[PDB]
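FYI, it's all coordinate maths here, none of it is from the lab. A quick note on method: Cβ atoms are made from the backbone with ideal geometry, for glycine too, and the neighbour counts reach across all protein chains shown.
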Ligand SMILES: Nc1nc2c(ncn2[C@@H]2O[C@H](COP(=O)(O)OP(=O)(O)OP(=O)(O)O)[C@@H](O)[C@H]2O)c(=O)[nH]1
Ligand SMILES: [Mg+2]
């Protein structure tokens, strides 16, 4: 496709540009024809100029040396009276990664910042963040350019300026310490993406510089109020997560109306808000108490969005409505969505721990579930039951005996593991059922999963401690089977439990102590919703939705004691 | 033997399709679409040797092609065919079309497709190639055209 | 003038076609598809379609009914065993609406053979006298000697001109 | 912010590719493909996927996926809603969101993504 | 025909209705008396078949069209008939009269068009009925007729071998056809006949020898040499005869594609001849040089095929393949993934004790440049294969191996994280000498385990944390800061990791307790031991409070163990020996 590139007719060049645009769209290497395109950089055709400049943007990092050869055209194009051409040329020179060009881009960015066009100014903010990605050492004149840019009144430039300021200099707070009032005044009219960025950075500044709820506190809250009704979920979300961290607890409850309203949005947006609501519902349960019904699971939602609603229902669970939710949850148990049932069964287990009054009432429902045929449901039922028998360590013989026989039809490793621990823990409560189950699994040992093999070795040792009279040989066999296993997690069990159990030759005081530590009352597992771990992070970020402080996290501090002088603010 | 002859543009619109195996019309369209999807996504720097799909009789057969302008000339061949032989056969076909249609393009393949079938016929006939020396091919072609103009 | 020439295999159709066209007796094999020639007689041109009569391919006769103006039905006059089958095939064809206006020339062929049924006998065997609203003629012929052929054509030319 | 966008068809291949910053191969879509494989269906893909140097924010609507590349920490629903507004822009221009329309008007598509997204930061 | 194309172009979204109307129009036109309009409808029917519409409804109409005396309409009829008739359409029995008329006619062009049509009518019945005529036509006066006829009898050989039985001597005699194109077609016919039952064509090898020697047409050369490669397994001596003319052609070859095809066949012939006569390494080296000439070609097809051929000679004779070196690792940079992965396979074939270092280093540079979970996945997988091939046979500096596995740990999102952990476990358990460097690196990982916690997905980096925490615990005697590592791996950050990782972490907590308790009591530092026990009596509960089963069991048992051991220590009991024996 060279010929029509050096062909004089401009239409041929335009066709070649469109076709190479498609070529890049298909992800194909068109870098070889770079010299012909860059030879067309001096075109007077605006469309051809745009296309060749997009080509330069896409293939600048590939043919770096050839682009370096043609820089003079780029500095000449920086003066083109067309604003878009100026921005694109600035982008092109930014994309070039030669360590020597740096001062040229100094002059380019300072001119662009001095440019009257706001578009060029925001692209100059993009240029300075690109430079900081290129050279950290130029941060001084980077900061002075930031100081010049932050003074501009336009919101269009303001959003990009704030984003760049966050990208390069999160620490030099004084620049915003001079312009917080300008930012909050503009935030009424700032564009929605700029709304989000400015709201987050203002959240940082409020956490770092201000003390406990100051008229400036209300000024943010007063101006942020009309945005609760905004069509943008991000504005509503950011405004909502703003009030969670700055607004008084007696006023933050108002945003719950909009958060529920956001749940009618599409799948992805409602996915994030469910994470936000679930985290913030733990600390203030009564806030979403009036909207318990809206959090009821609909069959139309997919698996994980349904799962998130259940977790919120766990937080909203209380003695005044435990009965209402338990009935509704039982309805969801026999849903066709097997994965949702796995979430639902775990959901009822947690609130059962939360409400000690309904321990048996939830328990009575569970045992009926043990009779159903669905392998996943019966597997997930037994583990949820297992958490409940430990917390209420009563001799529930009527419950274990139904559970104990059910093992022979169970295939799931988690469920098969669940059977072994309780019967071992309750070996003295069902002494006529425990001995055969160990005998049953001992012959099949080599076929079970690793996690099950851990508990089956546990079952023997606990059975050996209490009823060695008739199970000693079974323990000997089950120990010897794990002695030559392949998988390694089990080997620690072979090393650990055996030494506590078998070698009475070196029987110290701790060897005597093995019987009590294995038969000790196991404390109730403090079940935690996977959202209290998000209490360390501001609401509505990746670090919120990923639960990890990844590269670039905008971490908030604790609330300081004494207010730094608000008089400087004027 | 070659199993099938496939020609289509970069958009998947067929331009020449003649088959030497019994395949149904829907099977023909499915073969064309499978070949287009298998081929057109590949780079310009890729080898033009793509293992064939299931619509063309199994994995033994292969899809081999060349791209000129916006046209893909795919020959469905078996494992006994010389793949570079098939490529240069496609090249001979391209140059023969160039000479006979006087700088052929996609327009001639659209608007003179029966002529293209005839050209294919003297190049390859019954899964077996008939004539391959471009000059003598052109002599036979314009001898047939002299016949046509004669009556 | 479009003429369809049909009749059982071995009747002499192909022999007749080439005797009419070429004035010679040609060696034949059973015709798998068809033969076609245009014959000019007394300044009228007849396109004669000689379509194979083997039983297996008799279904294909129907492909030639459309626009046919004249039917030549050739019978082996010596083949008594199959004369009723010939009648059946003739009547099956004459039942077709497409042929309702076609004129019918029957060649009672192979009159050279000593046990050949004559035109009067073949008329009876084919049930020709029962036909209604049909222009028909039967002509005794020996295709190999040419006897009777031009007389058949005289009638057919008169019908169509 | 959004340094690249990867459209992916129902078959699980690179339907379209565009960049605004340093180019990252179409390859980063392989984490999204793995997520789909582990997902029960096209409605079981988590919007957030982490990669060694980038992050994958994806939305699903109109039988197409909008896979985006995120390098550093910036809010998620921001990216999700911008992706959905870009899809709404496809619907506004084409009249429908489909593979064929984009395959036909790739050039106008890149014009629109240039208009909406400038050097990673959405603004229009 | 052209009007149909224009209408279809105009009726893009309305293609179905317009095509149905045109089909009705074609139905009307094909029953007309004029052959011209029905033949134009035949053109439109062929175009419709190209689009995907059933053309078989007008088989009798096509037969009517081809019945025309004019060749201008014969060509259209026979084209649509080649594209239309099938074995399941008995209407083809109506074609016989016209087929015989055009087959027996002396005209050249009509016969050519007729035989072109016959190229797709090739049924057992028509073969049985037309073999007698085609065998008369075999020696037809005109050469062009013979040229088409030899392919048509090939089709007949496919559908009627009863005429194959006598034609084989006749085709062998045809192999002396004076016209070069007819001779080329005859060679193609006899060669593709040979492809199915090559044993009957071994005696024809001298004929093919003379054909290739006298041939100036590279096409006959390529195909006949391919058939030589096909027959090469049957008689190696014929390939030995061929090797000299083949080498001469290679020297005189100017077509790189012919060069590839012939050299590949020569490699096959060398495979056949290597069975007892191992003195053709000179020809092997000539082949290698030609493969190099091919590989430096900028044409990517030539390049990939050269790679495949040198892979074949790699499984044949790697001793000359190793000469490539840079010639492959440079190609590693190419934009084609298939070529690149074949090149990686070539490096796998190229692995040796003396070059593992450099090649693996360059592949690490590529993994740092790598892109794609399937790409990087198979890449690291085959890196693991080549380093672990024959149980780490090619590895000399196992410290380098541990470091490069650590570098691999930087690869987030990899699905073989379990495999990577297995590799570090293997190198730790197998090699005693490098356990110190292993435990140092793994304790370093544990120190940065807060950063490594970013990948909680199963078979991810958590498996690396698994292996690291383990071989830190098992080989704790070589640790330099056991207290620091222990405190760092009791940090509350670990509570977010998946189950068995947390379980094995606690299992290593108790190991580190045993080691440090022995260390403190051996020197008499009772107060430090009391302090550390007080630490884990304040730390193990955060494991006890978890939800994962094995975590609960392990944490409860070890918490009771540690607290009541503290009770024992209040009685001044040397519990260090017992706790050490717990894991000896
Ligand atoms: N004795 C005698 N034999 C005849 C006469 N006419 C035709 N034949 C012979 O009858 C045989 C069959 O003649 P064809 O013309 O092939 O019969 P057909 O009706 O064309 O048969 P199909 O092709 O099967 O439809 C040949 O051996 C002819 O020579 C005749 O008038 N007298
Ligand atoms: Mg006959």
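Are any residues in segment C:49-61 out of contact with any strand residue (DSSP E or B) (no Cβ under 6 Å at 6 or more places or on another chain), within 11 Å of another protein chain (Cβ to nearest Cβ) and within 13 Å of ligand 1 (Cβ to nearest atom), and if so, which ones? Passing the criteria: C:52, C:54, C:56, C:57, C:60. Taken over segment C:1-18, the residue count meeting the criterion of being outside any strand (DSSP E or B), within 13 Å of ligand 1 (Cβ to nearest atom) and within 25 Å of residue E:68 (Cβ to Cβ) is 5.
Looking at segment C:62-69, can you tell me whether even one residue there is away from chain E (no Cβ under 14 Å) and within 19 Å of residue C:16 (Cα to Cα)? No, because not a single residue in segment C:62-69 is away from chain E (no Cβ under 14 Å) and within 19 Å of residue C:16 (Cα to Cα). Considering segment C:98-124, and only residues there that are more than 16 Å from ligand 1 (Cβ to nearest atom) and closer than 19 Å to residue C:58 by Cβ, the residue that is farthest from the chain's Cα centre (by Cα) turns out to be C:98. The combined condition, being in a helix (DSSP H, G or I), farther than 24 Å from residue E:137 by Cβ and within 14 Å of chain C (Cβ to nearest Cβ), is not fulfilled by residue E:39.
Does residue E:32 count as outside any helix (DSSP H, G or I) and either closer than 30 Å to residue C:38 by Cβ or in contact with a helix residue (DSSP H, G or I) (Cβ under 7 Å, 6 or more places away or on another chain) (or both)?
Details: outside any helix (DSSP H, G or I): yes; either closer than 30 Å to residue C:38 by Cβ or in contact with a helix residue (DSSP H, G or I) (Cβ under 7 Å, 6 or more places away or on another chain) (or both): yes.
Yes: the conditions hold for residue E:32.
For segment A:488-532, the set of residues classified as part of a helix (DSSP H, G or I), at the interface with chain E (Cβ under 9 Å from one of its Cβ atoms) and more than 28 Å from residue A:449 (Cβ to Cβ) consists of A:506, A:509, A:510, A:511, A:516, listed by residue number. Taking the numbered list (1) surrounded by fewer than 17 Cβ atoms within 10 Å (Cβ to Cβ); (2) within 14 Å of chain D (Cβ to nearest Cβ); (3) assigned to a helix (DSSP H, G or I) in turn, residue A:222 passes all entries but (2). For segment C:12-22, the set of residues classified as within 14 Å of another protein chain (Cβ to nearest Cβ) and within 9 Å of ligand 2 (Cβ to nearest atom) consists of C:13, C:14, C:17, listed by residue number.
Name the residue that is nearest to the other protein chains (Cβ to nearest Cβ), counting only residues in segment C:28-48 that are within 15 Å of ligand 2 (Cβ to nearest atom) and closer than 21 Å to residue E:34 by Cβ. Give the derivation first.
Step one: filter segment C:28-48 for residues within 15 Å of ligand 2 (Cβ to nearest atom), giving C:28-37, C:48.
Now narrow it down to the ones that are closer than 21 Å to residue E:34 by Cβ: C:34, C:36-37, C:48.
Values: C:34: 5, C:36: 7, C:37: 11, C:48: 13 Å.
Across segment C:28-48, the extreme among qualifying residues is C:34.
For segment E:542-562, taking the residues that are more than 8 Å from chain A (Cβ to nearest Cβ) and surrounded by 16 or more Cβ atoms within 10 Å (Cβ to Cβ), the one that is farthest from residue E:483 (Cα to Cα) is identified as E:548.
Scanning segment D:79-106 for residues that are outside any helix (DSSP H, G or I) and at negative phi turns up D:96, D:97, D:98, D:105. When B:55, B:84 are screened for being in a helix (DSSP H, G or I) and facing chain E (nearest Cβ under 9 Å), only B:84 passes. Of all residues in segment C:49-69, those satisfying the criterion of being buried (at least 16 other Cβ atoms within 10 Å of the Cβ), within 12 Å of ligand 2 (Cβ to nearest atom) and not in a helix (DSSP H, G or I) are C:49, C:50, C:51, C:52, C:53.
Taking residue E:260, is it touching a strand residue (DSSP E or B) at 6+ places or on another chain (Cβ under 7 Å), closer than 20 Å to residue B:80 by Cβ and either away from chain B (no Cβ under 14 Å) or surrounded by 19 or more Cβ atoms within 10 Å (Cβ to Cβ) (or both)? Reasoning before the result, please.
On the way: touching a strand residue (DSSP E or B) at 6+ places or on another chain (Cβ under 7 Å): no; closer than 20 Å to residue B:80 by Cβ: yes; either away from chain B (no Cβ under 14 Å) or surrounded by 19 or more Cβ atoms within 10 Å (Cβ to Cβ) (or both): yes.
When the stated conditions are applied, residue E:260 does not pass them.
In the set (1) assigned to a loop (DSSP other than H, G, I, E, B); (2) under 25 Å from residue A:556 (Cα atoms), the condition left unmet by residue A:153 is number (2). What is the one condition in (1) touching a helix residue (DSSP H, G or I) at 6+ places or on another chain (Cβ under 7 Å); (2) in a loop (DSSP other than H, G, I, E, B); (3) under 28 Å from residue D:104 (Cα atoms); (4) more than 13 Å from chain E (Cβ to nearest Cβ) that residue D:12 does not satisfy? All conditions are met except number (4).
Yes or no: segment E:229-249 includes at least one residue that is touching a helix residue (DSSP H, G or I) at 6+ places or on another chain (Cβ under 8 Å), within 14 Å of another protein chain (Cβ to nearest Cβ) and under 25 Å from residue E:298 (Cα atoms). No - not one qualifying residue is present in segment E:229-249.
If we scan segment A:426-442, do we find a residue that is within 14 Å of chain E (Cβ to nearest Cβ) and buried (at least 23 other Cβ atoms within 10 Å of the Cβ)?
Step one: filter segment A:426-442 for residues within 14 Å of chain E (Cβ to nearest Cβ), giving none.
No, segment A:426-442 has no match at all.
For (1) under 19 Å from the mean Cα position of the chain (by Cα); (2) closer than 28 Å to residue D:49 by Cα, each residue gets a yes or a no:
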position	(1), (2)
E:345	yes, no
E:353	no, no
E:358	no, no
E:377	yes, yes
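Regarding segment D:35-58, can at least one residue be identified that is within 10 Å of the chain's Cα centre (by Cα), in a strand (DSSP E or B) and away from chain E (no Cβ under 14 Å)?
Yes, segment D:35-58 has at least one match.
For segment E:213-228, name all the residues that are touching a helix residue (DSSP H, G or I) at 6+ places or on another chain (Cβ under 8 Å) and away from chain B (no Cβ under 14 Å). Of everything in segment E:213-228, just one residue is touching a helix residue (DSSP H, G or I) at 6+ places or on another chain (Cβ under 8 Å) and away from chain B (no Cβ under 14 Å), namely E:213. Condition first: in a helix (DSSP H, G or I), surrounded by fewer than 20 Cβ atoms within 10 Å (Cβ to Cβ) and more than 14 Å from chain D (Cβ to nearest Cβ). Can you find one or more residues in segment A:168-175 that meet it? Checked against the condition, which is being in a helix (DSSP H, G or I), surrounded by fewer than 20 Cβ atoms within 10 Å (Cβ to Cβ) and more than 14 Å from chain D (Cβ to nearest Cβ), segment A:168-175 yields at least one hit. Every residue in segment A:286-302 that is loosely packed, with under 13 Cβ neighbours inside 10 Å and in a loop (DSSP other than H, G, I, E, B), please. If the condition is that a residue be loosely packed, with under 13 Cβ neighbours inside 10 Å and in a loop (DSSP other than H, G, I, E, B), then A:286, A:298, A:299, A:300 are the ones that fit. The set of residues in segment C:1-11 that are within 26 Å of residue C:161 (Cα to Cα) and within 13 Å of ligand 2 (Cβ to nearest atom) comprises C:5, C:6, C:7. Considering segment D:66-81, the residues that are over 19 Å from residue E:456 (Cα atoms), within 11 Å of another protein chain (Cβ to nearest Cβ) and in contact with a helix residue (DSSP H, G or I) (Cβ under 7 Å, 6 or more places away or on another chain) include one that is surrounded by the most Cβ atoms within 10 Å (Cβ to Cβ), namely D:77. The residues of segment C:19-48 that are touching a strand residue (DSSP E or B) at 6+ places or on another chain (Cβ under 6 Å), outside any strand (DSSP E or B) and more than 12 Å from ligand 1 (Cβ to nearest atom) amount to a single one, C:21. You will find that of C:72, C:25, the residue that is over 15 Å from the mean Cα position of the chain (by Cα), away from every other protein chain (no Cβ under 14 Å) and either at positive phi or away from ligand 2 (no atom under 11 Å from the Cβ) (or both) is C:25 and no other.
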